[PDB]
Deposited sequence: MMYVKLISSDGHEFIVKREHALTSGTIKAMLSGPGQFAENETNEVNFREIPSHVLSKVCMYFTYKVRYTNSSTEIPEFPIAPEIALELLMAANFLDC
């Protein structure tokens, strides 16, 4: 697998499969242009870690007959995760 690095606003580096990161149309544009690193000045590590779990969840469970479990979100991060999901279009 090609991996890409997604870097949070506080400098945490998340290394995820490229195919997983391409779940986000926004990330696809930042990697392709009109590099294998993307910096998110506005997404802290407690939010970007959850976005990466969402990518893993989505690729695992898309087109699956196996019963799908709930993607869990703590109340404390919901507002910031909503703003990140809105920017990332995922």
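Sequence ranges absent from the coordinates, based on the deposited chain and numbered from 1: That stretch is 35-41, the only one.
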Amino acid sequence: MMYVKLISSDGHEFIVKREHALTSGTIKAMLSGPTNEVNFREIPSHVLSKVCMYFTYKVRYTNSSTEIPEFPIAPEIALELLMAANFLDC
From here on, numbers count along this sequence of modelled residues.
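Checking the other PDB entries with both flanking residues built, is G33 absent in a third or more? Yes.
Segment of higher mean CA temperature factor, 21-29 or 62-70: Higher of the two, by average CA B-factor, is 62-70.
When the C-alpha temperature factors are averaged for each of 53-61 and 38-46, which stretch ends up with the higher value in the entry? Comparing averages over the C-alpha atoms only gives 38-46.
Ranked by Cα temperature factor within the chain, is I7 in the lowest third, the middle third or the highest third? For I7, whose C-alpha B-factor we compare with every modelled residue in the chain, the answer is the middle third.
Test of reading the entry: by CA B factor among the chain's modelled residues, which third contains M1? Tercile = highest for this residue's CA B-factor.
Please place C90 in the lowest, middle or highest third of its chain by C-alpha B factor as given in the entry. According to the entry, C90 has a C-alpha B-factor in the chain's highest third.
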